[PDB]
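Okay, my_file-v8.txt now, which holds compact mmCIF, C-alpha atoms and all ligand atoms:
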```txt
# COMPACT_ATOMS: atom_id res chain seq x y z
CA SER A 7 0.00 0.00 0.00
CA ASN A 8 1.08 3.58 -0.65
CA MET A 9 -0.08 4.51 2.85
CA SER A 10 2.62 2.33 4.42
CA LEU A 11 5.30 3.77 2.13
CA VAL A 12 4.24 7.33 2.94
CA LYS A 13 4.09 6.62 6.68
CA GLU A 14 7.53 5.00 6.75
CA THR A 15 8.97 7.83 4.66
CA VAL A 16 7.47 10.57 6.83
CA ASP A 17 8.72 8.83 9.97
CA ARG A 18 12.23 8.50 8.53
CA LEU A 19 12.37 12.13 7.37
CA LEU A 20 11.43 13.34 10.85
CA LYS A 21 13.79 10.84 12.52
CA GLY A 22 16.27 12.91 14.52
CA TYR A 23 15.49 16.29 12.96
CA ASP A 24 16.80 19.33 14.84
CA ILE A 25 14.38 22.25 14.41
CA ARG A 26 16.91 24.48 16.19
CA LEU A 27 19.27 24.35 13.19
CA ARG A 28 18.47 25.67 9.73
CA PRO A 29 19.33 23.89 6.47
CA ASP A 30 23.10 24.22 6.01
CA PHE A 31 23.57 25.57 9.53
CA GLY A 32 27.31 26.16 9.23
CA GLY A 33 27.38 26.25 5.44
CA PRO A 34 26.14 28.70 2.82
CA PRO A 35 22.83 30.56 3.21
CA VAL A 36 19.49 29.04 2.24
CA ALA A 37 17.51 30.83 -0.48
CA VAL A 38 13.82 31.49 0.26
CA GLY A 39 11.55 32.40 -2.65
CA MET A 40 8.41 34.38 -1.87
CA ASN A 41 5.02 34.46 -3.56
CA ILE A 42 2.14 36.70 -2.52
CA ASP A 43 -1.49 36.37 -3.62
CA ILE A 44 -3.40 39.47 -2.51
CA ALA A 45 -7.01 38.55 -1.75
CA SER A 46 -8.14 42.01 -0.57
CA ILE A 47 -6.95 45.47 0.43
CA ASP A 48 -9.62 46.32 2.93
CA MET A 49 -9.51 49.75 4.59
CA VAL A 50 -7.09 52.57 3.78
CA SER A 51 -7.37 54.85 6.81
CA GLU A 52 -6.07 58.42 6.76
CA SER B 7 28.82 25.19 44.13
CA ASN B 8 26.00 27.33 45.55
CA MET B 9 23.83 27.20 42.42
CA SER B 10 24.10 23.40 42.53
CA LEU B 11 22.74 23.35 46.08
CA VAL B 12 19.93 25.75 45.16
CA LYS B 13 19.03 23.57 42.17
CA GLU B 14 19.05 20.46 44.37
CA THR B 15 16.81 22.20 46.92
CA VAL B 16 14.31 23.38 44.30
CA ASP B 17 14.17 19.92 42.72
CA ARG B 18 13.57 18.38 46.15
CA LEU B 19 10.77 20.87 46.81
CA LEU B 20 8.98 20.28 43.52
CA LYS B 21 9.30 16.48 43.31
CA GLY B 22 6.27 14.70 44.69
CA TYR B 23 4.40 18.02 44.81
CA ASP B 24 0.66 17.73 44.14
CA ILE B 25 -0.60 20.97 42.61
CA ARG B 26 -4.18 19.65 42.78
CA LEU B 27 -4.11 19.96 46.59
CA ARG B 28 -4.08 23.20 48.54
CA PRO B 29 -1.75 23.51 51.53
CA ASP B 30 -3.30 21.72 54.52
CA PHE B 31 -5.75 20.05 52.15
CA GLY B 32 -7.42 17.88 54.78
CA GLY B 33 -6.99 20.41 57.57
CA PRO B 34 -7.43 24.00 58.68
CA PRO B 35 -7.93 26.74 56.07
CA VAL B 36 -4.90 28.45 54.57
CA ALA B 37 -4.64 32.17 55.34
CA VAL B 38 -3.85 34.34 52.31
CA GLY B 39 -2.82 37.94 52.87
CA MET B 40 -3.39 40.42 50.06
CA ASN B 41 -1.85 43.78 49.27
CA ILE B 42 -2.18 46.07 46.27
CA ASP B 43 -0.09 48.87 44.75
CA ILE B 44 -2.42 50.90 42.54
CA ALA B 45 -0.59 52.32 39.53
CA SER B 46 -3.45 53.74 37.44
CA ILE B 47 -7.15 54.50 37.39
CA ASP B 48 -7.46 55.17 33.69
CA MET B 49 -10.98 55.53 32.27
CA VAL B 50 -14.14 56.24 34.27
CA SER B 51 -16.92 55.75 31.74
CA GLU B 52 -20.52 56.73 32.41
CA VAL B 53 -21.48 55.14 29.08
CA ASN B 54 -20.21 51.69 30.04
CA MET B 55 -20.65 52.14 33.81
CA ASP B 56 -17.17 50.87 34.59
CA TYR B 57 -13.62 51.96 35.31
CA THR B 58 -10.20 50.58 34.41
CA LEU B 59 -7.46 50.17 36.99
CA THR B 60 -3.89 48.86 36.81
CA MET B 61 -2.38 47.39 39.94
CA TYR B 62 0.35 45.24 41.42
CA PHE B 63 -1.64 42.50 43.16
CA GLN B 64 0.39 40.51 45.73
CA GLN B 65 -0.79 37.41 47.60
CA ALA B 66 1.22 35.83 50.42
CA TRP B 67 0.56 32.50 52.11
CA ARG B 68 2.38 29.57 53.68
CA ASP B 69 2.95 26.13 52.16
CA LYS B 70 4.90 23.77 54.43
CA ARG B 71 5.66 21.63 51.37
CA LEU B 72 7.77 24.51 50.03
CA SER B 73 10.05 24.76 53.08
CA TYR B 74 13.83 24.44 52.91
CA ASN B 75 16.56 24.73 55.53
CA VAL B 76 19.81 24.34 53.57
CA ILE B 77 19.96 27.65 51.70
CA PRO B 78 19.69 30.62 54.12
CA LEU B 79 18.54 33.22 51.55
CA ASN B 80 15.16 34.08 50.08
CA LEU B 81 14.58 32.65 46.61
CA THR B 82 13.23 34.76 43.76
CA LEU B 83 12.34 32.24 41.06
CA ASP B 84 11.65 32.46 37.35
CA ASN B 85 7.96 33.28 37.07
CA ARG B 86 7.16 30.16 35.02
CA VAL B 87 7.57 28.05 38.17
CA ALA B 88 4.23 29.53 39.22
CA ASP B 89 2.67 27.02 36.82
CA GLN B 90 4.11 24.21 38.96
CA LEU B 91 2.91 25.61 42.31
CA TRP B 92 -0.47 25.88 43.97
CA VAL B 93 -1.85 29.42 43.93
CA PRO B 94 -5.22 30.56 45.34
CA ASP B 95 -8.08 30.85 42.84
CA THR B 96 -8.67 34.54 43.39
CA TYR B 97 -11.16 36.29 41.11
CA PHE B 98 -12.91 39.66 40.92
CA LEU B 99 -16.70 39.53 40.87
CA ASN B 100 -17.40 42.90 39.25
CA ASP B 101 -14.62 42.32 36.69
CA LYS B 102 -15.66 42.55 33.03
CA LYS B 103 -12.28 42.35 31.28
CA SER B 104 -8.81 41.68 32.69
CA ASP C 10 27.21 16.64 7.58
CA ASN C 11 28.45 18.94 10.34
CA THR C 12 24.96 19.50 11.77
CA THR C 13 25.33 16.67 14.31
CA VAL C 14 28.34 18.40 15.90
CA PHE C 15 26.33 21.57 16.48
CA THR C 16 23.38 19.48 17.67
CA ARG C 17 25.66 17.88 20.26
CA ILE C 18 26.99 21.27 21.35
CA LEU C 19 23.40 22.47 21.77
CA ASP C 20 22.20 19.45 23.74
CA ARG C 21 25.33 19.49 25.92
CA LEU C 22 24.88 23.18 26.74
CA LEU C 23 21.45 22.60 28.29
CA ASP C 24 22.67 19.41 30.01
CA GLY C 25 22.07 20.15 33.69
CA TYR C 26 20.79 23.69 33.09
CA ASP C 27 18.18 25.21 35.41
CA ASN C 28 16.35 28.14 33.79
CA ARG C 29 14.66 28.97 37.11
CA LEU C 30 17.83 30.37 38.70
CA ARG C 31 19.32 33.63 37.49
CA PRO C 32 23.01 33.33 36.56
CA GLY C 33 25.04 34.08 39.67
CA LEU C 34 22.13 33.48 42.03
CA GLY C 35 24.16 33.09 45.21
CA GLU C 36 27.35 34.91 44.21
CA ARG C 37 26.89 38.23 42.39
CA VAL C 38 24.47 40.66 40.76
CA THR C 39 23.34 39.92 37.21
CA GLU C 40 24.12 42.92 35.00
CA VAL C 41 21.84 43.43 31.98
CA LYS C 42 23.17 45.77 29.29
CA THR C 43 20.26 47.31 27.40
CA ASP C 44 19.74 49.43 24.32
CA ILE C 45 16.77 50.50 22.22
CA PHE C 46 16.29 51.13 18.51
CA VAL C 47 13.04 53.02 17.93
CA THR C 48 11.89 51.95 14.48
CA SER C 49 8.93 54.34 14.70
CA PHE C 50 7.62 56.73 17.35
CA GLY C 51 3.89 56.17 17.04
CA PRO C 52 0.98 58.57 17.30
CA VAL C 53 0.24 60.47 20.50
CA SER C 54 -3.23 60.41 22.08
CA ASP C 55 -3.74 63.47 24.26
CA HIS C 56 -7.25 62.20 25.07
CA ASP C 57 -5.97 58.92 26.53
CA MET C 58 -2.73 60.64 27.65
CA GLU C 59 -0.66 57.88 26.10
CA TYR C 60 1.65 57.23 23.18
CA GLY D 25 -15.78 -0.92 28.78
CA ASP D 26 -15.43 -2.01 25.17
CA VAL D 27 -15.63 1.47 23.61
CA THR D 28 -12.30 2.27 25.28
CA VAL D 29 -10.55 -0.66 23.62
CA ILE D 30 -12.16 0.23 20.28
CA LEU D 31 -10.88 3.80 20.54
CA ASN D 32 -7.43 2.57 21.58
CA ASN D 33 -7.28 0.15 18.63
CA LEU D 34 -8.41 2.81 16.16
CA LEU D 35 -5.63 5.21 17.21
CA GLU D 36 -2.75 2.70 17.34
CA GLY D 37 -0.30 3.32 14.53
CA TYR D 38 -2.55 6.14 13.32
CA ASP D 39 -0.77 9.06 11.65
CA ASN D 40 -3.08 12.09 11.55
CA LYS D 41 -0.58 13.84 9.25
CA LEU D 42 -1.73 11.73 6.29
CA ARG D 43 -5.16 11.98 4.70
CA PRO D 44 -7.01 8.71 4.04
CA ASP D 45 -6.06 7.23 0.65
CA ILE D 46 -3.13 9.63 0.54
CA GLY D 47 -1.44 8.08 -2.50
CA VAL D 48 -4.38 6.20 -3.99
CA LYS D 49 -7.35 8.47 -4.75
CA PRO D 50 -8.62 11.91 -3.68
CA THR D 51 -10.59 12.22 -0.46
CA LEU D 52 -14.28 12.90 -1.12
CA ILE D 53 -15.90 15.19 1.46
CA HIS D 54 -19.64 15.83 1.57
CA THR D 55 -20.54 19.19 3.09
CA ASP D 56 -23.69 20.47 4.79
CA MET D 57 -24.55 23.87 6.23
CA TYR D 58 -27.25 24.97 8.63
CA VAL D 59 -27.68 28.75 8.76
CA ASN D 60 -28.66 29.89 12.26
CA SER D 61 -28.60 33.56 11.27
CA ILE D 62 -27.46 35.86 8.49
CA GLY D 63 -26.35 38.75 10.64
CA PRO D 64 -26.00 42.44 9.90
CA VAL D 65 -24.90 43.62 6.48
CA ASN D 66 -22.23 46.30 6.90
CA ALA D 67 -22.26 48.32 3.69
CA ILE D 68 -19.33 50.58 4.60
CA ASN D 69 -16.93 47.68 5.18
CA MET D 70 -18.44 45.45 2.46
CA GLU D 71 -19.19 42.45 4.65
CA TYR D 72 -21.98 40.42 6.22
CA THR D 73 -22.06 38.27 9.35
CA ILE D 74 -23.39 34.71 9.29
CA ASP D 75 -23.63 31.97 11.92
CA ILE D 76 -23.68 28.35 10.76
CA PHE D 77 -23.33 24.73 11.74
CA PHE D 78 -20.77 23.32 9.30
CA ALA D 79 -20.85 19.55 8.74
CA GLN D 80 -18.28 17.48 6.85
CA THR D 81 -18.45 13.77 6.06
CA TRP D 82 -15.79 11.50 4.61
CA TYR D 83 -14.37 7.97 4.77
CA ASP D 84 -11.23 6.97 6.69
CA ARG D 85 -10.71 3.21 6.49
CA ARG D 86 -8.07 3.38 9.22
CA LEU D 87 -11.02 4.19 11.52
CA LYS D 88 -12.97 1.10 10.44
CA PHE D 89 -13.86 -1.20 13.33
CA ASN D 90 -15.81 -4.44 13.76
CA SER D 91 -17.97 -4.44 16.88
CA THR D 92 -21.52 -4.86 18.09
CA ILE D 93 -21.56 -1.04 18.22
CA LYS D 94 -22.52 0.71 14.99
CA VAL D 95 -21.56 4.34 15.70
CA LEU D 96 -19.25 6.00 18.21
CA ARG D 97 -20.56 9.42 19.26
CA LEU D 98 -17.79 11.66 20.59
CA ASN D 99 -17.26 15.27 21.62
CA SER D 100 -14.30 17.49 20.65
CA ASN D 101 -11.88 15.34 22.67
CA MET D 102 -10.77 13.28 19.65
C1 LIG E 1 -5.98 30.52 31.84
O1 LIG E 1 -5.12 30.50 32.99
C2 LIG E 1 -4.37 29.29 33.16
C3 LIG E 1 -3.55 29.46 34.41
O2 LIG E 1 -3.24 30.83 34.65
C4 LIG E 1 -3.52 29.00 31.92
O3 LIG E 1 -2.93 27.71 32.08
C5 LIG E 1 -1.54 27.75 31.72
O4 LIG E 1 -1.38 27.73 30.30
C6 LIG E 1 -0.02 27.78 29.87
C7 LIG E 1 -0.03 27.92 28.37
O5 LIG E 1 -1.04 27.11 27.77
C8 LIG E 1 0.71 26.53 30.37
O6 LIG E 1 2.08 26.58 29.97
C9 LIG E 1 2.38 25.45 29.13
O7 LIG E 1 3.08 24.45 29.84
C10 LIG E 1 3.39 23.29 29.06
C11 LIG E 1 4.04 22.27 29.98
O8 LIG E 1 3.06 21.84 30.91
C12 LIG E 1 4.31 23.70 27.90
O9 LIG E 1 4.51 22.58 27.05
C13 LIG E 1 3.69 24.85 27.09
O10 LIG E 1 4.62 25.30 26.11
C14 LIG E 1 3.24 25.99 27.99
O11 LIG E 1 4.41 26.61 28.50
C15 LIG E 1 0.61 26.46 31.88
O12 LIG E 1 1.20 25.25 32.35
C16 LIG E 1 -0.84 26.53 32.34
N1 LIG E 1 -0.91 26.58 33.79
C17 LIG E 1 -1.88 25.97 34.49
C18 LIG E 1 -1.80 26.13 35.98
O13 LIG E 1 -2.77 25.33 33.95
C19 LIG E 1 -4.37 29.03 30.66
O14 LIG E 1 -3.56 28.89 29.50
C20 LIG E 1 -5.14 30.34 30.59
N2 LIG E 1 -5.97 30.40 29.39
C21 LIG E 1 -5.89 31.40 28.51
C22 LIG E 1 -6.80 31.31 27.33
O15 LIG E 1 -5.10 32.33 28.65
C1 LIG E 2 13.85 37.35 53.45
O1 LIG E 2 12.83 38.36 53.43
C2 LIG E 2 12.39 38.78 54.72
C3 LIG E 2 11.26 39.75 54.49
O2 LIG E 2 11.43 40.47 53.28
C4 LIG E 2 13.56 39.38 55.49
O3 LIG E 2 13.12 39.73 56.80
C5 LIG E 2 14.70 38.38 55.58
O4 LIG E 2 15.83 38.98 56.19
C6 LIG E 2 15.08 37.89 54.18
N1 LIG E 2 16.12 36.88 54.26
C7 LIG E 2 17.37 37.07 53.84
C8 LIG E 2 18.31 35.92 54.01
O5 LIG E 2 17.73 38.13 53.33
```
Conversion result in structure tokens:
Amino acid sequence: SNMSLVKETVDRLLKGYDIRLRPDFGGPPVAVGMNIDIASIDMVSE
Amino acid sequence: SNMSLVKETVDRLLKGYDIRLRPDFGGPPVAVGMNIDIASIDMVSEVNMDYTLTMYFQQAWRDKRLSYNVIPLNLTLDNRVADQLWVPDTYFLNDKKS
Amino acid sequence: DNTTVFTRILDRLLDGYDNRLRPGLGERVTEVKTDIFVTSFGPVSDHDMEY
Amino acid sequence: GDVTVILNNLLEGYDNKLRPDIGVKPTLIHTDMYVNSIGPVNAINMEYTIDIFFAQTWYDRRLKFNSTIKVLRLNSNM
């Protein structure tokens, strides 16, 4: 079943994962790409 | 070192401590003294029929469970340890927002 | 993969640490050096007497 | 009683991070709404208030159980 594969994979990926350290903690910087989808601009108050 | 003894004392105090039980749970009532330092009376609204006040609200009581005789000095602790201690369930009846 | 070394430094630092005792609790005063960068001084409300 | 062991068996080895049929087929969700009140219409802020009971139904075969009981009726706790 694909459920067992996905569960094993997700358990392995989160096996011993340190949230305190970023990707490439001591190495080069990580590049973050940003998208924005503006749904509304509500109230422009003077 | 001194900090090691203080840490040992605090760990001894808080191990086996039941926060669900008041001090003297099956005995005489615990006396709680209150004192207040009023810092502001801000808005006195006739529309809402209320007033806002800011205060330092201090409650003092005795808990024999939290007694220690090794360290001779008073212990100011990180405020989060309040979550691990019993505190009286004081409320304000005429309070609307706090 | 040098992330495990830093992970070990981090978990060894907190090994035996007690965040309920200020540093120097029985020995000295803890000195806190402070500074402020005001990114924006907001509006003033003379009605509420606040800023 | 027996509902406790049913609930314990349903949640053993259960990963709530994965939708049912996560790599097989899409999850089909039937939706119902009951409108208790369509509140005030604010025309200066271009909005209206509405209170509803929102109901969602789907199938999770990890939650399948064989018992004399036909339906477990639970509060928010689970
Ligand atoms: C209403 O008041 C009570 C008590 O003043 C609040 O309960 C306290 O809630 C905080 C945060 O949810 C608890 O801290 C948490 O501790 C756990 C470890 O037990 C930690 O994993 C969390 O990260 C967090 O630090 C605190 O223990 C808890 N104290 C008591 C005595 O229950 C409650 O949150 C207040 N409710 C609201 C809506 O403000
Ligand atoms: C602890 O506080 C009390 C009251 O504030 C004071 O009388 C006492 O001397 C203090 N103890 C020490 C060791 O400073």
Can you work out which residues from chain B touch chain C at a cut-off of 8 Å (counting all atoms listed in the file) and hand them back as a PDB file with C-alpha atoms, keeping the file's coordinate frame?
```pdb
ATOM      1  CA  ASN B   8      26.000  27.330  45.550  1.00  0.00           C
ATOM      2  CA  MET B   9      23.830  27.200  42.420  1.00  0.00           C
ATOM      3  CA  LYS B  13      19.030  23.570  42.170  1.00  0.00           C
ATOM      4  CA  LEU B  83      12.340  32.240  41.060  1.00  0.00           C
ATOM      5  CA  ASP B  84      11.650  32.460  37.350  1.00  0.00           C
ATOM      6  CA  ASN B  85       7.960  33.280  37.070  1.00  0.00           C
ATOM      7  CA  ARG B  86       7.160  30.160  35.020  1.00  0.00           C
ATOM      8  CA  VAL B  87       7.570  28.050  38.170  1.00  0.00           C
TER       9      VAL B  87
END
```
Query raised in the report: Neighbours of ligand LIG 2 (chain E) within 7 Å, counting all atoms listed in the file, as an MDAnalysis selection string?
Result: chainID B and resid 78:80
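Note that the spacing between atom CA of residue 75 of chain B and atom CA of residue 40 of chain B amounts to 26.0 Å.
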Query raised in the report: Can you tell me how far atom CA of residue 18 of chain C sits from atom CA of residue 21 of chain A, in Å to one decimal?
Result: 19.0 Å
Report summary line: Expressed in Å, the length from atom CA of residue 86 of chain D to atom CA of residue 33 of chain D is 10.0 Å
Requested in this report: Select residues of chain D: the criterion is any atom within 7 Å of an atom of chain A, counting only C-alpha atoms; output as a PyMOL selection string.
Outcome: chain D and resi 45-48
How close does each residue of chain B get to ligand LIG 1 (chain E), giving the shortest atom pair and distance in Å to one decimal for every residue with an atom at most 12 Å away, counting all atoms listed in the file, sorted by chain and residue number, as CSV?
```
residue,atom,partner,partner_atom,distance
B:24,CA,E:LIG1,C18,12.0
B:25,CA,E:LIG1,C18,8.5
B:26,CA,E:LIG1,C18,9.7
B:85,CA,E:LIG1,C15,11.3
B:86,CA,E:LIG1,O11,7.9
B:87,CA,E:LIG1,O12,9.1
B:88,CA,E:LIG1,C18,7.6
B:89,CA,E:LIG1,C18,4.6
B:90,CA,E:LIG1,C18,6.9
B:91,CA,E:LIG1,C18,7.9
B:92,CA,E:LIG1,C18,8.1
B:93,CA,E:LIG1,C18,8.6
B:94,CA,E:LIG1,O2,10.9
B:95,CA,E:LIG1,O2,9.5
B:96,CA,E:LIG1,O2,10.9
B:97,CA,E:LIG1,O2,11.6
B:104,CA,E:LIG1,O15,10.8
```
Report task. Within 8 Å of segment 73-79 of chain D, counting only C-alpha atoms, which residues show up once you throw out same-chain ones fewer than 6 positions away? Write them as a PyMOL selection string, please. Result -> chain D and resi 55-65
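The shortest atom-to-atom distance to residue 59 of chain C, with only C-alpha atoms taken into account, belongs to B:48 out of B:62, B:18, B:77, B:48.
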Report task. Determine which residues of chain A sit within 12 Å of chain C, taking into account only C-alpha atoms, and present them as a VMD selection string. Result -> chain A and resid 22 to 33
Query - Spatial neighbours of residue 39 of chain B, 8 Å, all atoms listed in the file, chain gap at least 5 places, as a PyMOL selection string - result: chain B and resi 65-67
Query - Surrounding residues of residue 89 of chain D excluding itself and chain neighbours under 3 positions, 12 Å, all atoms listed in the file, as a list in words - result: residues 26, 27, 29, 30, 31, 32, 33, 34, 35, 84, 85, 86, 92, 93, 94, 95 and 96 of chain D
